[PDB]
*Asks:* 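Below: one structure in structure tokens.
Indexing begins at 1, ligand by ligand and atom by atom, following the structure's order. Because only heavy atoms are used, hydrogens play no part in the values below, and waters and symmetry mates are left out as well, while side chains stay in. Position 1 is the first residue of the sequence; numbering continues from there.
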Amino acid sequence: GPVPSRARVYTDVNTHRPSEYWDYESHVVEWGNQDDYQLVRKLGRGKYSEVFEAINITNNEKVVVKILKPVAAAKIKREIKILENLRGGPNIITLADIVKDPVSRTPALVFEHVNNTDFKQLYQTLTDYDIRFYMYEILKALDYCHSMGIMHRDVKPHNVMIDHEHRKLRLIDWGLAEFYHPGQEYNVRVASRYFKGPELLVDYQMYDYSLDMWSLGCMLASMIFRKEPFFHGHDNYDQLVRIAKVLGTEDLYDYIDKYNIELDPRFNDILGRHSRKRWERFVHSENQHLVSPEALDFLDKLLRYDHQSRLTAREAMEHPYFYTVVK
Ligand SMILES: Nc1ncnc2c1ncn2[C@@H]1O[C@H](COP(=O)(O)OP(=O)(O)O)[C@@H](O)[C@H]1O
Ligand SMILES: N#CCc1n[nH]c2cc(Br)c(Br)cc12
Ligand SMILES: [Mg+2]
């Protein structure tokens, strides 16, 4: 069957922490007072929650309330424990409270409010310097959560809030996050389609923190090349074909061979044969202001089929692409 894999960093962080840290099912939720929060307006509804802008009447501060749906109500302890474990970490959204919503009768997570800049506005206006600055800020959040034994598993632009006015970034939406345990087989139905790593698309379950580094690479490629999204698959199968049209099929087959993976036979008629394209193929007059040899080298080291071969968040922070960023 498939060959096992383990992370090259932070491998045993959960084995050396007390059971209380990662055993989220045994966690006893401390409930706050729902009357402290007055809902103001509905910001949206996802597959798992309804999100509202609210005011904390004990200090007149704005907050965001995520009211979980019954489907979500199952693995809520996992999101709660992860949020409490990471609380206070660099660029991690702060969970302010947990209350029982009187209408849904489900848990409602109360978060710090971010006066975030519109995501299309961010995509259209961030400069070369801004992209480097903000990529460094998201790497601080990812190295922190990885060092804490957690993988986010849903890195994408909408989960990376930026308040451009205060040069403030927060990594949000920890509902798909998981504790990393060496040898554990995880569900591959994580991350949004365009950000899914090759490990998920070929059904390799023994993945790790490096999944987040693929997703970050997808964000970087879209930003510097002005192509939203960078790998535009029509479904999860075509998603792999789009990746293979850029990275080539030979390295894909080497990756499948190394981990002894049985590729779904539905790929036999759609993958074809493709060479790796040099990153300069994607450069044009409308994106040249965001591309540099350092950006291309950094991107090249994130977007690798072999999850064990990708830069870790800490190695990424050492890259020359960030030398220009004021620290
Ligand atoms: N702390 C926050 N500050 C401001 N807006 C937020 C905050 N958290 C979520 N939002 C808003 O709510 C939505 C994202 O919610 P999210 O946690 O990603 O949902 P889900 O877990 O169902 O996928 C977006 O519309 C975003 O603008
Ligand atoms: N793509 C896009 C816009 C956007 N949303 N969130 C982000 C976080 C970062 Br880090 C960067 Br760069 C760009 C964005
Ligand atoms: Mg989200």
*Asks:* Is there a polar contact, in the sense of an N or O pair closer than 3.5 Å, between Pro157 and ligand 2?
*Replies:* yes
*Asks:* Do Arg153 and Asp212 meet the salt-bridge criterion of a basic N to acidic O distance under 4.0 Å?
*Replies:* no
*Asks:* Heavy atom under 4.0 Å from ligand 2: found in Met161's side chain, backbone, both, or neither?
*Replies:* neither
*Asks:* Quick one about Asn85 and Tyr24 (side-chain donor to acceptor, distance below 3.5 Å, no hydrogens or angles considered), yes or no?
*Replies:* no
*Asks:* With heavy atoms of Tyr134 as the reference, note each atom of ligand 2 found under 4.0 Å away.
*Replies:* 10 (Br)
*Asks:* So which heavy atom in the protein is nearest atom 13 (C) of ligand 2, and how far is it from that ligand atom?
*Replies:* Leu126 CD1, 3.8 Å
*Asks:* Charged N to carboxylate O below 4.0 Å: is that the case for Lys81 and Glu84?
*Replies:* no
*Asks:* So that I can tick it off, tell me whether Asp154 and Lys196 are bridged by a salt bridge, with the cut-off set at under 4.0 angstrom between side-chain N and carboxylate O.
*Replies:* no
*Asks:* Could you check if a side-chain atom of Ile150 sits within less than 4.5 angstrom of a side-chain atom of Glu178, using non-hydrogen atoms only?
*Replies:* no
*Asks:* For a quick check: using heavy atoms under 4.0 Å, what are the residues in contact with ligand 1, sorted by chain and number?
*Replies:* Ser49, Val51, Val64, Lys66, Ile93, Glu112, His113, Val114, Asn159, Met161, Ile172, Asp173
*Asks:* Between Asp23 and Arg17, does any NZ, NE, NH1 or NH2 come within less than 4.0 Å of an OD or OE carboxylate oxygen?
*Replies:* no
*Asks:* May I ask you to check whether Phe119 has an N/O atom sitting below 3.5 Å from an N/O atom of ligand 2?
*Replies:* no
*Asks:* Is any side-chain heavy atom of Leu252 closer than 4.5 Å to one of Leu247?
*Replies:* no
*Asks:* Salt bridge or not for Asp173 and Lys156, using N-O below 4.0 Å?
*Replies:* no
*Asks:* Can you list the protein N, O or S atoms less than 2.8 Å from the Mg ion (ligand 3)?
*Replies:* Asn159 OD1, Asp173 OD2
*Asks:* Report the part of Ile138 (side chain from C-beta onward, or backbone N, CA, C, O) that has a heavy atom under 4.0 Å from ligand 2; answer both or neither where that applies.
*Replies:* side chain
*Asks:* Check each heavy atom of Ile162 against ligand 2 and say whether those closer than 4.0 Å belong to the side chain, the backbone, both or neither.
*Replies:* side chain
*Asks:* Between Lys75 and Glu25, is the closest basic N to carboxylate O distance under 4.0 Å?
*Replies:* no
*Asks:* Please tell me whether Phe322 and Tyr136 form a close aromatic pair, meaning their ring centres lie under 6.0 Å apart.
*Replies:* yes
*Asks:* Report the residue from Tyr207, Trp22, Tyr21 that forms a ring-ring contact (aromatic ring centres under 6.0 Å, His included) with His181.
*Replies:* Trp22
*Asks:* For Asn287 and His284, indicate whether the former's side chain and the latter's backbone hold a donor-acceptor pair under 3.5 Å.
*Replies:* yes
